[PDB]
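See structure below.
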2 protein chains.
Amino acid sequence: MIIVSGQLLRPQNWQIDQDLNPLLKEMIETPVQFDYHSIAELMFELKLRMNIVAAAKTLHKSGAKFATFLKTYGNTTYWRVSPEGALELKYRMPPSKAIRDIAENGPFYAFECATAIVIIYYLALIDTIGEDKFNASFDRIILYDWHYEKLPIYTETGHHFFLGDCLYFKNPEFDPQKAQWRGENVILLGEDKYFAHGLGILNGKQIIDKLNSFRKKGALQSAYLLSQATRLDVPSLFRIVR
Amino acid sequence: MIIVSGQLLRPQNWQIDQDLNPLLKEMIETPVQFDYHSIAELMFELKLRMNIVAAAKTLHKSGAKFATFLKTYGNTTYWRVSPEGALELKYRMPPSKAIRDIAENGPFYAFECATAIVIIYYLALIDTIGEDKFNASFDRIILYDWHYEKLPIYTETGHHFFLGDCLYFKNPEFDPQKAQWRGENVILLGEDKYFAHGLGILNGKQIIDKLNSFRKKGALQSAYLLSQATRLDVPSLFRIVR
Ligand SMILES: [Zn+2]
């Protein structure tokens with residue numbers, strides 16, 4: 001359910017990009033309320049969301065590898081690794097160029113799943129607003145777990161998902177001796193289609209089977225898709241960027 | 001105006017902390033709309049907002065000082081300082097205790113205004129959800145500018161402000177040779193009463209006059225209060241407690 005200013009946007013035709021139509025159909029037909037001050041905001045969400053999907057695929061194909069925090073590394077041209085495994089942007093290096101380098105020189109990098117989701121958000125935003133505005137607004141950067149610089153991010157409870165969402169497969173009786181499998185952060189790329197850093201581009205059955213192979217002795221509870229989604233707040237981004 | 005699950009809340013008696021009565025009345029009487037899924041959720045916001053105020057006051061009195069990023073330092077028991085000026089929680093230090101140390105050992109710290117706001121949000125959260133939930137959720141921490149570990153923070157346009165809001169006095173024609181005076185991030189403690197890391201607890205005139213003293217030659221644009229507020233997203237957070 002899309003609302004602009006105050007008008008319910010019914011199927012009212014538009015000269016917009018094809019790869020945006022599937023998402024827009026979802027957003028119009030769902031009972032979920034999407035409120036925007038203007039059409040420009042709506043279009044920003046559509047492009048931003050599909051750029052999240054495209055960025056996930058870019059990262060997937062980059063050659064960037066999975067590593068635990070203590071085994072994290074990155075291109076020293078742009079990033080310093082802290083003792084704890086944080087990727088610190090080096091003094092006065094331009095954020096856009098440093099973050100794009102993850103996509104362009106993937107083999108020089110390895111990091112965790114959460115850090116990968118944040119990288120993806122930044123790449124998508126860069127694709128959406130351009131290097132200059134990104135660099136003006138998100139001017140200091142450390143990539144580490146769920147750290148983000150200024151991004152307005154929220155998590156809501158419920159069953160309705162949209163392209164570009166960040167979802168989570170939980171593994172409740174995971175093997176305590178292998179905490180790396182307590183669950184999996186993913187980008188929703190398409191229907192039953194997910195990017196999961198370290199696993200690849202997979203469907204839900206595959207992700208669930210994988211987690212279930214790393215449970216404790218006697219575990220009966222299967223891994224499952226949590227009913228929640230993690231999302232960028234588009235109206236707030238308009239304040240933060242333009 | 002407060003609405004829970006679809007029902008307006010007018011004066012209805014309640015057995016709640018007196019400290020919360022003012023803010024609640026203010027939130028019922030305002031034309032802005034606060035929506036919740038439960039009474040618990042509303043109570044969480046009241047406590048969180050009042051703990052933001054208390055946390056600002058605590059940082060004010062702690063002895064922690066203002067410093068630039070390149071001059072930022074912290075208690076090396078818990079924090080390392082990156083070359084760029086990020087305070088990084090050391091490997092396996094308990095997050096709640098390390099963050100609380102900023103209040104209990106203030107003279108061992110100095111950091112800038114955005115970092116100060118984020119610290120205040122963590123301190124307030126610890127007081128609102130408790131150490132166990134905090135450490136479970138916010139298990140890795142780097143304090144640096146507007147970096148957040150998982151915090152759901154948004155900025156909205158408007159001119160109705162409430163206790164605990166984070167506001168911004170902009171100095172549009174700041175002296176370029178004194179870039180720290182581009183503006184001041186503040187927490188609203190009461191009517192025309194603000195905490196400003198580095199200035200203390202000031203009224204709006206005092207902040208503006210101070211900013212105005214650091215402008216370019218002949219500037220005719222006064223520093224002024226922006227019509228926006230930065231806020232923690234309660235339903236995103238409240239997920240943690242229930
Ligand atoms: Zn050390």
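If you're wondering about the labels, chains in the structure tokens are A, B, ... by order shown, residues count from 1 in each chain, ligands from 1 in order shown.
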Given 9 Å and only C-alpha atoms and all ligand atoms, residues near ligand 1 as a PDB file with C-alpha atoms, in the first residue's frame:
```pdb
ATOM      1  CA  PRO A  83      43.445  -5.998  16.150  1.00  0.00           C
TER       2      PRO A  83
ATOM      3  CA  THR B  76      43.314   2.200  27.518  1.00  0.00           C
ATOM      4  CA  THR B  77      42.022  -0.445  29.905  1.00  0.00           C
ATOM      5  CA  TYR B  78      38.968  -0.821  27.631  1.00  0.00           C
ATOM      6  CA  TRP B  79      39.593   1.234  24.476  1.00  0.00           C
ATOM      7  CA  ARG B  80      42.225   1.524  21.812  1.00  0.00           C
ATOM      8  CA  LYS B  90      39.379  -3.979  22.962  1.00  0.00           C
ATOM      9  CA  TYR B  91      39.081  -7.691  22.258  1.00  0.00           C
TER      10      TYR B  91
END
```
Taking only C-alpha atoms into account, produce a table as JSON lines in which each residue of chain A with an atom at most 6 Å from an atom of chain B appears once, together with its shortest atom pair and the distance in Å to one decimal, ordered by chain and rising number.
```
{"residue": "A:84", "atom": "CA", "partner": "B:91", "partner_atom": "CA", "distance": 5.8}
{"residue": "A:91", "atom": "CA", "partner": "B:84", "partner_atom": "CA", "distance": 5.9}
{"residue": "A:146", "atom": "CA", "partner": "B:149", "partner_atom": "CA", "distance": 5.3}
{"residue": "A:147", "atom": "CA", "partner": "B:149", "partner_atom": "CA", "distance": 4.4}
{"residue": "A:148", "atom": "CA", "partner": "B:147", "partner_atom": "CA", "distance": 5.2}
{"residue": "A:149", "atom": "CA", "partner": "B:147", "partner_atom": "CA", "distance": 4.3}
{"residue": "A:150", "atom": "CA", "partner": "B:146", "partner_atom": "CA", "distance": 5.3}
{"residue": "A:152", "atom": "CA", "partner": "B:154", "partner_atom": "CA", "distance": 5.2}
{"residue": "A:153", "atom": "CA", "partner": "B:152", "partner_atom": "CA", "distance": 5.2}
{"residue": "A:154", "atom": "CA", "partner": "B:152", "partner_atom": "CA", "distance": 5.2}
{"residue": "A:155", "atom": "CA", "partner": "B:236", "partner_atom": "CA", "distance": 5.3}
{"residue": "A:236", "atom": "CA", "partner": "B:155", "partner_atom": "CA", "distance": 5.4}
```
Handout entry: One-decimal distance in Å that lies between CA of residue 109 in chain B and CA of residue 69 in chain A
Key = 26.5 Å
Exercise for the section: Identify, on the basis of only C-alpha atoms, every residue whose closest approach to residue 229 in chain A does not exceed 8 Å; exclude the query and any residue fewer than 2 positions from it along the same chain; express the result as a count of residues only. Expected result: 11
Problem - Shell around range 38-48 of chain B at 7 Å using only C-alpha atoms, local window under 2 positions removed, as a PyMOL selection string - result: chain B and resi 4-5+20+23-24+36+50-52+124-125+128+234+238
Would you put the residues from that selection into a file with N, CA and C atoms, as a CSV table (one decimal), in the first residue's frame?
```
chain,number,residue,atom,x,y,z
B,4,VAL,N,-2.3,3.8,20.8
B,4,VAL,CA,-1.9,2.4,21.0
B,4,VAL,C,-2.8,1.4,20.3
B,5,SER,N,-2.2,0.7,19.3
B,5,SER,CA,-3.0,-0.3,18.5
B,5,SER,C,-4.2,0.2,17.7
B,20,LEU,N,8.1,10.5,34.9
B,20,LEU,CA,7.6,10.2,33.5
B,20,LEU,C,6.4,11.0,33.2
B,23,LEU,N,6.8,14.2,30.6
B,23,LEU,CA,7.0,13.9,29.2
B,23,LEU,C,5.7,13.3,28.6
B,24,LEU,N,5.0,12.5,29.4
B,24,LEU,CA,3.8,11.8,28.9
B,24,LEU,C,2.8,12.8,28.5
B,36,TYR,N,2.0,3.2,19.0
B,36,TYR,CA,2.5,2.0,19.6
B,36,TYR,C,1.7,0.8,19.4
B,50,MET,N,13.8,9.8,29.0
B,50,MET,CA,14.2,10.3,30.3
B,50,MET,C,15.7,9.9,30.6
B,51,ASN,N,16.0,8.7,30.2
B,51,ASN,CA,17.4,8.2,30.4
B,51,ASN,C,18.4,8.8,29.5
B,52,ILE,N,18.0,9.3,28.3
B,52,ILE,CA,18.8,10.1,27.4
B,52,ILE,C,19.2,11.3,28.1
B,124,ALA,N,22.2,5.5,27.8
B,124,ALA,CA,20.7,5.5,28.1
B,124,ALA,C,20.1,4.1,27.8
B,125,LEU,N,20.6,3.4,26.8
B,125,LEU,CA,20.1,2.1,26.5
B,125,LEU,C,20.4,1.1,27.6
B,128,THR,N,18.1,1.5,30.2
B,128,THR,CA,16.8,1.2,29.9
B,128,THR,C,16.6,-0.4,29.7
B,234,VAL,N,11.8,3.4,18.5
B,234,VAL,CA,11.4,2.6,19.6
B,234,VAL,C,10.9,1.2,19.2
B,238,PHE,N,12.4,-2.0,20.8
B,238,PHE,CA,11.6,-2.7,21.7
B,238,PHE,C,11.5,-4.1,21.4
```
Practice task
Find the distance between CA of residue 70 in chain A and CA of residue 119 in chain B and write it in Å to one decimal.
Solution key: 25.4 Å
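Across the structure, CA of residue 209 in chain B and CA of residue 73 in chain B are spaced 28.9 Å apart.
Among the candidate residues B:53, B:16, B:225, B:129, the one lying nearest to residue 190 in chain B is B:53, with distances computed using only C-alpha atoms.
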Exercise for the section: Within 10 Å of residue 63 in chain B, counting only C-alpha atoms, which residues show up once you throw out same-chain ones fewer than 3 positions away? Write them as a list in words, please. Expected result: residues 58, 59, 60, 66, 102, 103, 104, 105, 106, 107, 108, 109 and 110 of chain B
Practice task
Could you give me the residues within range 12-218 of chain A that DSSP places in helix (DSSP H, G or I), as an MDAnalysis selection string?
Solution key: chainID A and resid 18:29 39:62 69:71 95:104 106:108 113:129 131:137 179:181 204:212
